[PDB]
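The chain that follows stands alone, in the form deposited in one PDB entry, written as structure tokens.
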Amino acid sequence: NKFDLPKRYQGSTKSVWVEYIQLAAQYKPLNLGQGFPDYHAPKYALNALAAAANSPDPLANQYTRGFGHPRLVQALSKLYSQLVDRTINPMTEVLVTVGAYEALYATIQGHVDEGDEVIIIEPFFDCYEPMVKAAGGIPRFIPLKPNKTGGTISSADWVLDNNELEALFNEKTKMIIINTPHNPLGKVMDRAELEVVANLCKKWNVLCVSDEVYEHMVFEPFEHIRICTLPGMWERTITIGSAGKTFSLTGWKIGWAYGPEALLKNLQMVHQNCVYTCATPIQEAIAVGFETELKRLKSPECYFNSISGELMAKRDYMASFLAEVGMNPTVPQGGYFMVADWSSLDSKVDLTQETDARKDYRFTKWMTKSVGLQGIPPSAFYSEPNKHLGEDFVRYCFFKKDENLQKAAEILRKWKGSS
């Protein structure tokens, strides 16, 4: 009856996101932090939500099926069945969730017990660690590190030490979480890299959880490969996606996990007594969205195909202006984020009035308040022992109107050499 946090949440603090969203509302900077477009998503999707709101069907805005709206799961199985080349059962092998967030939540709560080890690759999407810890698991970390220095490098250059990775696998290893395309780097794992992970999972009987929200956003000449597609991997993989990312409608918060029925049963049990069901007219609108794209999967007008081309130009413009101004950027193989090492610009920043412990927090806060440009501190994506690996970096989002990417460039040009 002390109403302290229960032990499993012991020492929990507010996430980066709660802190930096609040920082954005307060200073109103050019917001290149959290990932979302600053322009309209596909009209066919927005139209479908207005249509569901306006539907003459009285069931359109009432409860739908708890493991997912029938029309959506059917659309999801149609698409992914083609992509993974097996027939995925829409009732048993798909679970619709509240964003990729709740799919990750239901997966971790579903398969992580007290003392189970979970391997996490740093830098990691930040929720992975607190979710494992809340489920009583023991995270085991391995960092990706660049094998090139100075100038602009590629996210391909950020690599695991495979001996170090092998070393982490033992009889206590329950799960490994991989994220490709990767947040924050943009790294897309190639077939050899997936093979390394898959071979260890098979040897050690571990569950692979593949966070693939950015699956449609890989840039030529690279290619998204699905690990559940590797030999023997289907039986031991759960794969996650997000309609917020697939359709660029981040405020809709609908995602999914797919995989064999045996593994999904555990997620269903968590899901059913966490939220139970997800928004009907939103899932309906997403279902129409998938139906729309399913008719044209190899067309240049298909949003799955067009987004990379849309994004690649903006990636190239930001990499250029970040290099121009003095940072060392990592050019992502997919996605809409880019990390840059800003440390060579340490003389143009006074971080003296900044209060927190981590340098990249001080840098990003200072830039927000002082110059009106918001990025995200990458040390948020590292375990405490390795936070130093992130401190010289900044993550920016380039999913923006060209006019706003130019605005960021000009802020940076003015800040630099206007000494």
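Only residues modelled in both forms are compared. By rigid core we mean the largest C-alpha set that fits within 1.5 Å across both forms. Sequential numbering from 1, following the sequence displayed.
What follows is about the form deposited in another entry, which we do not show.
A.B. asks: Which of the listed residues (323, 288, 349, 138) moves its Cα by 2 Å or more between the shown form and the other one when the core is kept in place?
C.D. replies: Single residue meeting the criterion: 349.
A.B. asks: Using the rigid core as the reference frame, would you say residue 12 shifts its C-alpha by 2 Å or more between the shown form and the other one?
C.D. replies: Superposed on the core, residue 12 moves its C-alpha 2 Å or more between the shown form and the other one.
A.B. asks: Taking the shown form as reference, are the C-alpha positions of residue 351 and residue 400 brought closer or pushed farther apart in the other form, with a change of 3 Å or more?
C.D. replies: Farther apart, which means the C-alphas of residue 351 and residue 400 are at least 3 Å more distant in the other form.
A.B. asks: Shorter or longer C-alpha distance for residue 405 and residue 348 in the other form, given it differs from this form by 3 Å or more?
C.D. replies: It is farther: the C-alpha separation of residue 405 and residue 348 rises by at least 3 Å in the other form.
A.B. asks: Counting only residues modelled in both forms, where do runs of 3+ with a CA shift of at least 2 Å appear between the shown form and the other one, relative to the core?
C.D. replies: Runs found: 2 to 7, 10 to 12, 343 to 356, 417 to 419, listed by sequence.
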